[PDB]
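Chemist: Supplied in structure tokens, the structure appears directly below.
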Amino acid sequence: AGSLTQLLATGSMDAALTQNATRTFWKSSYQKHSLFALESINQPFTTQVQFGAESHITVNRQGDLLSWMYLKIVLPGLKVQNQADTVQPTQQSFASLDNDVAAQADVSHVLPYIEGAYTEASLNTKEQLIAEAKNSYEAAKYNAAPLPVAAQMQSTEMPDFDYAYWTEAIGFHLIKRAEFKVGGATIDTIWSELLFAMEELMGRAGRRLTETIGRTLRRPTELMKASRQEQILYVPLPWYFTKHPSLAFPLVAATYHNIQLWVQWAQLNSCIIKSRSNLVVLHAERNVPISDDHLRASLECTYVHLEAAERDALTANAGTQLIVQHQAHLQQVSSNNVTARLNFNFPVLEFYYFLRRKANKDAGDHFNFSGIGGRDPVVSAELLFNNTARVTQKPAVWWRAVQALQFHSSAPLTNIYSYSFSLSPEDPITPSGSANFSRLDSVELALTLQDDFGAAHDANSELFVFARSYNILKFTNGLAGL
Amino acid sequence: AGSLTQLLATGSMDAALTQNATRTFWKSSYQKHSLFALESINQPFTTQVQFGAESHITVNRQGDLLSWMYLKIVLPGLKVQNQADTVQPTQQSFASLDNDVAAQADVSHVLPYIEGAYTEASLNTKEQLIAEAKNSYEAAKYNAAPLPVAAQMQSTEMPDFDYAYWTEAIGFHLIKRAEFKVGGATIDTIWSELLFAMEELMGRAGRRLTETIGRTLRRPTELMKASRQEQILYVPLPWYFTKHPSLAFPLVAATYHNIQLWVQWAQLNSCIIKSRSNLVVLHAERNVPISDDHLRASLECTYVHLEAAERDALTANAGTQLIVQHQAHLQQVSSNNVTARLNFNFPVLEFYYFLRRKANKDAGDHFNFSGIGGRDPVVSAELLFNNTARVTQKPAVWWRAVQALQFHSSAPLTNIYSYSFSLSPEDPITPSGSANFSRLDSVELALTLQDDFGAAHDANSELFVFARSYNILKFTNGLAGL
Amino acid sequence: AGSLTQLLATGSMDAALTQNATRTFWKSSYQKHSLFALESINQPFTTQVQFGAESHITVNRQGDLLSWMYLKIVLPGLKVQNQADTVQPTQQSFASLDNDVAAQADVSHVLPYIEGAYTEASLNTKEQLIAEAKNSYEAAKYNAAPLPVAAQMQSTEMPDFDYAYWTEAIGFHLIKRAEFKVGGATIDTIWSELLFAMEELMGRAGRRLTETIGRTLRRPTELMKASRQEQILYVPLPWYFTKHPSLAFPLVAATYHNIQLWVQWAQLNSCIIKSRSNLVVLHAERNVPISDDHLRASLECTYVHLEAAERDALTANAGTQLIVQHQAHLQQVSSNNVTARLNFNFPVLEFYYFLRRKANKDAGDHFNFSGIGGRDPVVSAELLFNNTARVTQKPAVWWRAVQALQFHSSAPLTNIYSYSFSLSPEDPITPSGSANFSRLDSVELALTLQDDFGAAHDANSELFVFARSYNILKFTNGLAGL
Amino acid sequence: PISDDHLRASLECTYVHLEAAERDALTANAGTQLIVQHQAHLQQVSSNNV
Amino acid sequence: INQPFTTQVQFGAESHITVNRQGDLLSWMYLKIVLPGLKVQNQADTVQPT
């Protein structure tokens, strides 16, 4: 009686929701689709792959569309030997944990707050004086309550043996820059720092790229274990056509253009960290000093094979694809107040920004975007259009956590900040907002950074700003162009 | 030959799926949208913000729609001083870890199972006797196999120094109640306990509110670290209009109504836990005793700016929005059998329920919904409509884990139970089932709780029941009303 | 001036995106639906439930559709007693940690690499010699750099007391096979190993089945704690009709067919692990030796009640549902090169494969798909159609991580490999690609496994291959059939 | 022990019953009543000047 | 006319009553509260002193 009465208890308001219902929950409807197949094919580079060099590949035409694209990287296992035991000790310098430049830079900021005879003190006494000076520095700069000295003395249990390892997220770090080219024109460009920021914000829970890029979430002991043997990494290249099947790049519609991936590789000296400064780093299998020619890479592409009728239709009329392109503003930082002039073009969906200390970069911690003592490097930021506040001054947590909560699949674990003009900037096919930067005379991101950011040992810290913008790729008569 | 043969190998069944295909995977189609912009604006409260008080803000009209809404809370850093060293030691009482009322309440239930001279025993002997009595209690009540005494002696390594910290998820705890008002009418009401339950069930992996609300997942050492300095929290207010862009609140259509957020704040005594009972809690920067006027809050609103044509269309005909409203049944528990009479109205989508021990509340652990010794407080529950079983007696795990698995984005880490009448209760725009409680003469949730729940030291434990219900918000002639 | 200028700054390209816009972000539209209700009902098996037996249930007709289906399993708490203290010590043998067959099998592979007097060595000296021989084995087989011996000596802190526990993910392990039958015909079949693989790949972040199936992510101490008391498990049965509301099984349209669930239960000897070989395992409450009749199970079904008009429409014309069926190829492995001949039928969406060592199975670690020493058991795999490479040789990481990244909600934590022909194999209602195996004369999965896989103590290791295929379920005149 | 469930309350209301002619007149035209409403400002005090 | 609350009445809780329509006008309104008598006992003599 009650359940039937609920179906009868309808009024004029229910008519807007349920009158002439076009859907039922109790019967499945499905759509028929055209026939297609997927094939993954691995392809060698057209030029030699080496650390610090640029390499390119011309993408083969082994199907009708191009869907997924992965850079397959093979890194050798690492071993170490004392320089005294080596017949040829001359190698490039690597970052070493016995010379922690990041810790030395952090100590340099607290030196003015050390009370007593620091120079003559025992090692254990120096560690105590540094921890007390950190409390005095943080009280003076941040009105922070002092932490117990014992809580600041975190011994990272480092192993009592010699090692070397590939840096955190080495699969991204290796790709300093990649360019997707069609007919000799650059269609899009991605950077190592952008790839990491995109994975932090858009990386879905349970599908994080951890193993696929050599990322351990800053657990040095896991990087050491992984680096003792050969590593095979599959780094996704997040081009517009890899984001949705309807954006797959129509190879058949671009028949008269070569499709190329160009990759600028990281220098070998930046890719490795060692336990001690006096160690030589060896290729684990070959027992020779590690060299720039030990980088191996290939391109793994997923092709789509279409039925003849769909292939012929796509060849006759591929039309236009909405694309997202990436733009970059890279700046050196030498002061706590920084203004970035964002000379980006087109309808910008969103931008990302973050800072890297010089000391973190020099320590080989390339994706450590933290400030001094691991703090947030940004105090506040403001966004100006033509000297008018588009976003008034907001604290770092608003740009990092509130913007990520509103617009992104994930909150970043590092100090990555974002701002979206789009309601759904991760939707590759549905435009949901933008600001046209080609119609603004000035776009300025004004930053107030933490105290002493870009001073002394951190002179030439880096500001990264990346923007995502809409453009249109047009296919006509076997040619493709922006 | 094989791939072409697959495209030809079609029969009368494939016609229902693929005949006259209206979609292709090999060409992207996109829709054009109207022009809009988003702006985040921070606004001060209209009244003073203080602990234990009620404060309100009249929301400014700085755009055409209202989308996201965050309560920006600023909490001072905490320090502690001995009461003997303080010129004015008189402060409100705070929960203290040297007086663990929750542990004392748990011990009180096992006192009848202690064999031997408990009163005269050494401290280490008392801990042994309590662990043995816990085994005897659990064997007698639950037919549990005894755990090794050493496995029950979990020392939480508490630091050997003085501290105070803000309670777990302080950003939610501060909001005892918030009311969204339009034209003086309450449109919706949210509670601290509901906000926490909603984040447990609907909080997406990689987008949990942890840092944004001061939640550490019950790691006291992280709460201590965070509480030594100023904290800025961004607490999302999950109103119907924050859930989907098409539900954004049409400011232009409600021109003659004031929009107000009212917030009832938690008492300061409930917000802080200290290491010892004899400590005074100080504002870390100001070096004065912490007081009710040290709470700071503001409202961060995201406005939408529309193109004139869409703004004019929305002003002429905003029509009606489907809304979800929240209802609450709050009850004291003094017996293991509890019947809650759910006097909720309208088409209910779902309800949540959970229990809080008096001892957990008094210990300042406001979101600890566990029973005695951290067990599940519910043994079983039944749902009755007009004295007829709508859901027959089911064990706690069915209401907690099976309902969450079927209808929610996440399973709760705490003892939160749910039941959905909707197939998709997290879809804000598509009704997918409900029960109309305004047409039921009685709705009863009958609970069988664990033994001794609501007895002795847990007299006046709390039952929370929250329901989500459909209603319609109508916009007409510059006015808005339910 | 700027925001209005952006709305005016439109060209011929914007016309494809925004001309005649059929959607606005500033007004919600909702659809009305038909009236329905959901009811969860628990039902006993028609036959006795026992370990190692087959049991069936005839599903009741308590609503118009069948939606969710859970196997509710009740397992007793476990206790242990010495065999010498037991009046009837005769019980089935259980796996025991004092006789770690998996560790003994791993040691057997490194015996040829032990230098010195192993037989006469002290226990601590034998552990050192085994760790050194592991380095020599891994250097010889994999060109691995040696790990420090201290890093290989992981003591799992096992408790110094007697225990027994239910094996990891016992809720899946109990279900050796389940068959969904309609009118005496098997519509679909699921296996324990498939259920685990499906949860690894398709299990969403924050909705993992951990507690609902007794899974701890290989933390033996948590399995021990859980196994001391009665456990209630709710194992989801992932039939086609449980995946989407429009696929709910139309009970009213199948009126003349009995609907049955058949379950083949695991043997009791395979379900329990004990600390020591000389222990008897007891039912914790009854204080009797655990026996095959101590398994209890029931079926929890969610029924849908429809409004009379929708019920009558569905009875008159339920038509056809697209279904996914599961197929299995199970093979013994006795060599490092394995070819699996996949005699699957119909349009296959995707397949999963994985290996289990005999030693892992014999140790009671039924979902440990790792190789020797916890390594990846697959070096490479190739997929052939009619002796032509459909997927050329790819390394294990491509089949495990790249395929999961492209097509699945999650990456597997175990050595589960997949390959999809579908763009969205987790979409139950939208076909997005397949390969028709009923039109291929041969489908071969060629595997190169790790060295010594399937040799000596691992003779008769297992290869599992599971495929998901499309079929059509037809409803006509009160009957249902494939 | 005294507990939160020991509070008992009910509402005692005085109703007025009207003659049919006055009831019908009031139903047809009750019009408007002047009302007094109450408003509150609640503040914490920590100084001699407020 | 005396009327019970629609929800449970308890200390520290919120309770509501829907006023019945037992006449044409509503005039006086009194909250009828019933409080139990109090006694005291030493905490040492009490089986549940909490």
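Chemist: Taking loop as defined by DSSP and a crowding limit of 15 other beta carbons within 10 Å, which trypsin sites (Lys or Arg not before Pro) in chain E fit?
Modeler: Sites meeting the loop and neighbour criteria: E:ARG21, E:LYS39.
Chemist: Provide, as a two-decimal number, the C-alpha radius of gyration of the protein assembly as shown over 2.2 N^0.38 Å, N being how many residues it has.
Modeler: So the protein assembly as shown has a normalised radius of gyration of 0.96.
Chemist: Using only Cα atoms, find the angle between the long axis of helix C:101-110 and the longest principal axis of chain C, and express it within 0 to 90 degrees, rounded to the nearest 10.
Modeler: On a 0 to 90 degree scale, this one is about 70.
Chemist: Can you tell me the Rg and Dmax of the stretch A:82-132, counting just the alpha carbons, in angstroms?
Modeler: Just the Cα atoms of the stretch A:82-132 yield Rg and Dmax of 16.2, 48 Å.
Chemist: Within straight cross-link reach of C:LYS361, meaning Cα distance under 20 Å, which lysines are found once same-chain residues fewer than 8 apart are removed?
Modeler: C:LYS176, C:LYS274
Chemist: Still on this structure, please answer the following. Quick check: the distance between the Cα centres of the stretch C:67-142 and the stretch B:408-427, to the nearest angstrom?
Modeler: 41 Å
Chemist: Next question. So for chain C, taking the charge dipole from beta-carbon charges (+1 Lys/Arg, -1 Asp/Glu), which of C:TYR240, C:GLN19, C:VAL288 sits furthest toward the positive end?
Modeler: The Cα lying farthest towards the positive end belongs to C:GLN19.
Chemist: Something else now. Between A:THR430 and B:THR315, take the C-beta separation as r, use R0 = 25 Å, and let me know the FRET efficiency to the nearest 0.05.
Modeler: In this case the efficiency is close to 0.45.
Chemist: Now for a separate question. Restricting the calculation to Cα positions, tell me the Rg (one decimal) and the Dmax (whole number) of the stretch A:316-419 in Å.
Modeler: Values for the stretch A:316-419 (Cα only, Rg and Dmax): 16.2, 60 Å.
Chemist: Using the charge dipole of the protein assembly as shown (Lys, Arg: +1 at Cβ; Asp, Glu: -1 at Cβ; taken about the Cα centre), state which of B:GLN91, D:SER10, B:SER136 has its Cα farthest towards the positive end.
Modeler: Among B:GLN91, D:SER10, B:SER136, the one farthest towards the positive end of the dipole of the protein assembly as shown is D:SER10.
Chemist: Apply the Debye scattering formula to the stretch C:26-146, with a single equal point scatterer on each alpha-carbon and no solvent, then give log10 I(q)/I(0) at q = 0.20, 0.21 Å⁻¹.
Modeler: Taking Cα atoms of the stretch C:26-146 as identical point scatterers yields -1.18, -1.23.
Chemist: Then there's this: If you place +1 on the Cβ of every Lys and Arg and -1 on the Cβ of every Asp and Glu, how big does the dipole about the Cα centre of the stretch B:333-455 come out, in debye to the nearest 20?
Modeler: Dipole of the stretch B:333-455, to the nearest 20 debye: 100 debye.
Chemist: Testing the spin-label approximation: label points 7 Å from Cα along Cα→Cβ at B:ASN345 and B:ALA139. State their distance in nm.
Modeler: If labels sit at B:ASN345 and B:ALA139, their model points lie 5.6 nm apart.
Chemist: First obtain the Kirkwood hydrodynamic radius of the stretch B:345-482 from its Cα pairs, then insert it into the Stokes-Einstein equation at 37 °C and 0.692 mPa s, and state the resulting D in µm² per second as a whole number.
Modeler: 198 µm²/s
Chemist: Roughly how many debye, to the nearest 20, is the charge dipole of the stretch A:265-403 about its Cα centre, given +1 on each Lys and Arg Cβ, -1 on each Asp and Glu Cβ, and no other charges?
Modeler: Dipole of the stretch A:265-403, to the nearest 20 debye: 840 debye.
Chemist: What FRET efficiency comes out for A:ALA16 versus B:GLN267 if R0 is 30 angstrom and r is the Cβ-Cβ distance? Round to the nearest 0.05.
Modeler: So the FRET efficiency works out to roughly 0.10.
Chemist: Also, quick follow-up: For the stretch B:200-277, list log₁₀ I(q)/I(0) at each q in 0.16, 0.23, 0.25, 0.26 Å⁻¹, using the Debye formula over Cα point scatterers of equal strength and ignoring solvent, two decimals each.
Modeler: Here the Debye-derived log intensity ratios amount to -0.88, -1.28, -1.37, -1.41.
Chemist: Measure nothing fancy, just the Cα-based angle from helix C:192-202's long axis to the longest principal axis of chain C, in degrees from 0 to 90, nearest 10.
Modeler: It works out to around 60 degrees.
Chemist: Can you tell me the convex hull volume per residue for the stretch B:1-40, based on C-alpha atoms, in Å³ to the nearest whole number?
Modeler: 153 Å³
Chemist: Just to verify a number: FRET efficiency for B:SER155 and A:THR221, C-beta to C-beta distance, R0 = 30 Å, to 0.05?
Modeler: About 0.70, to the nearest 0.05.
Chemist: Could I ask something else about it? Could you give the dipole magnitude of the protein assembly as shown about its Cα centre, charging the beta-carbon of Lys and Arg +1 and that of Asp and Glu -1, in debye to the nearest 20?
Modeler: Using only the charged Cβ atoms, the result is roughly 2880 debye.
Chemist: If you don't mind, another one. Other chains near C:4-11: what is the mean number of their Cβ atoms within 10 Å of each residue's Cβ?
Modeler: Partner Cβ neighbours, averaged per residue: 5.
Chemist: Once you keep just the Cα pairs under 8 angstrom separated by 6 or more residues, what percentage relative contact order results for chain A?
Modeler: 25 percent
Chemist: For chain C, what does -39500 (n - 2.57) per DSSP helix run (n ≥ 4), summed and divided by total residues, give at 222 nm, in deg cm²/dmol to the nearest 500?
Modeler: -5000 deg cm²/dmol
Chemist: In addition: From the C-alpha coordinates alone, can you work out the Kirkwood hydrodynamic radius of the stretch C:417-482, in Å?
Modeler: By the Kirkwood definition, the hydrodynamic radius is 16.0 Å.
Chemist: Measure up A:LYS225/C:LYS141; A:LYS394/B:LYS72; A:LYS181/B:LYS32; A:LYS134/B:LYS225; B:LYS79/B:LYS126; C:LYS72/C:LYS181 against 22 Å on the Cα-Cα distance and list the ones that go over.
Modeler: Going by Cα-Cα distance, A:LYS181/B:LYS32; B:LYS79/B:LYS126 fall outside the 22 Å limit.
Chemist: What's the Kirkwood radius of the stretch A:128-186 in Å, using all Cα pairs?
Modeler: 16.6 Å
Chemist: Using only C-alpha atoms and all pairs of different ones, pull out the Kirkwood radius for the stretch A:257-381 in Å with one decimal.
Modeler: It works out to 20.6 Å.
Chemist: Let me ask another. Project the alpha carbons of chain A onto their principal axes and report the range along each, largest first, in whole Å.
Modeler: For chain A, the Cα spread along each principal axis is 86, 62, 59 Å.
Chemist: Here is a further query. Taking θ = phi - 60°, what integer Hz values does the Karplus form 6.51 cos²θ - 1.76 cosθ + 1.60 yield along the stretch B:12-21, in sequence order, with x for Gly and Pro?
Modeler: Once θ is set to phi - 60°, the couplings for the stretch B:12-21 become 4, 5, 5, 4, 5, 9, 10, 5, 6, 3 Hz.
Chemist: Still on this model: Once you have the alpha carbon radius of gyration of the stretch C:54-116, what is it after dividing by 2.2 N^0.38 Å, with N set to its residue count?
Modeler: 2.19
All Cβ positions, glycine included, derive from the backbone under ideal geometry; neighbour counts span all protein chains shown. Bear in mind these aren't lab numbers, they're just calculated from the coordinates by the rules spelled out.
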